[PDB]
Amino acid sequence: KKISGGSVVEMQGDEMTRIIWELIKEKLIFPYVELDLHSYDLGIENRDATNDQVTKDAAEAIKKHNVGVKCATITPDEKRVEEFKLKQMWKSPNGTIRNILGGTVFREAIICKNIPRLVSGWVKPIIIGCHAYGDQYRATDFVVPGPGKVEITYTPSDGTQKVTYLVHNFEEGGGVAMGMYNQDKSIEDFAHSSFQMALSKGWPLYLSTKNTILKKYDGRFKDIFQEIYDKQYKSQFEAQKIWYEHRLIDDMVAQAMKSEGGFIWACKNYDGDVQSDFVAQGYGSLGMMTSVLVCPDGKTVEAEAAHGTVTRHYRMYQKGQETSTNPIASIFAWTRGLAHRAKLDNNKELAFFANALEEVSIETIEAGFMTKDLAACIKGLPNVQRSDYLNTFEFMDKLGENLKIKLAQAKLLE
């Protein structure tokens, strides 16, 4: 029979990533794994039909079943509202999910030996732990229409006092203003997730803030990270001959730029978004990256495809024209999610399947079979001929062909 997968929360996406999402299930997953799939359509039209409530419901389902796999989704702008006749410009589904689940988003490049790096020195991988809560991505911003006073206040729950901070006094014209926050318990979980990842990988840990300018806001990050390290992880880091050190964000980017990789980089929410694409593009391809949210409870995770929905290929697919879409990021979202499922269920067979699918993906590309984007990384786009790459279905066919071989060879071992 097939492998007893377990309960997995699925989040369907938009445009070309939704087409690839179904190809992965039909060709690579379902033929070998039986899943209790709790499907939530996070497509832009079902989010619009439910007033974005399906997004919140999918997050609660991940809390209940501990495993979620997410397809890439559209964050609508002004043009998207016109295109789909949306009722509202719905907020980012990833922001809503991360705000509900909390935790740390760990991102790392998907390395193939034949994909050229842009940073030649990065001979070892760089893992970024993105704090998935607060800051710019859960803030209150507004337009200041004219002269006036913008203030930010804090009132303790006991109501015994009240502190009013002056943000700015607009004396001529208007502008913008915003307020953002972060939570002590969220920063402490963010620290523990960062220290444990450095111990499981054997690499040093670096936290990047700007506490020289944000003395109180970022100073909380530096103090919490430093307090937890000295009390619970100091001797453990010294045992594995590693370390933890705080860095200014501007110095950290340049430090990582000229390093040789091999370290954990704990980033605040906004820096994690910016610099993970900096790392992904530096290793070769922006789309060759994993993105797994690790919740503070230590049992719930959300694996996702972090790139876009590839609109240009979706337009070609609807006109029946040939496309060449890279599915690796969407594939590794399934494997990373199924791997954690097998860890929680002690499923030896599901764990072997997830790792085997990741091997087949890497081995197929390293054998010379790849989509057009990966061929352009090697030969350069103006030098890419049609015989240099495979289309969307040819590449999925090659993966399923090689996955079927590797899984069959493993059966002949009893």
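Residue numbers run from 1 along the displayed sequence.
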Averaging C-alpha B-factors over each stretch, which comes out higher, 246-254 or 224-232? 224-232
Decide which of the stretches 339-347 and 151-159 has the higher mean C-alpha B-factor, going by the entry. 339-347
Among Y133, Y165, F106, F237, where is the Cα temperature factor highest, going by the PDB entry? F237
Sorting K91, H192, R138, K268 by Cα temperature factor from the record, which one lands on top? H192
For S361, does the deposited CA B-factor place it in the lowest, middle or highest third of the chain? middle
Relative to the other modelled residues of the same chain, rank the CA B-factor of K319 and answer lowest, middle or highest third. highest
Which third, lowest, middle or highest, does the CA B-factor of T50 fall in along this chain? lowest
Hey, what third does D277 fall into on Cα B-factor, ranked over its chain? lowest
B-factor third for the C-alpha atom of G175 within its chain: lowest
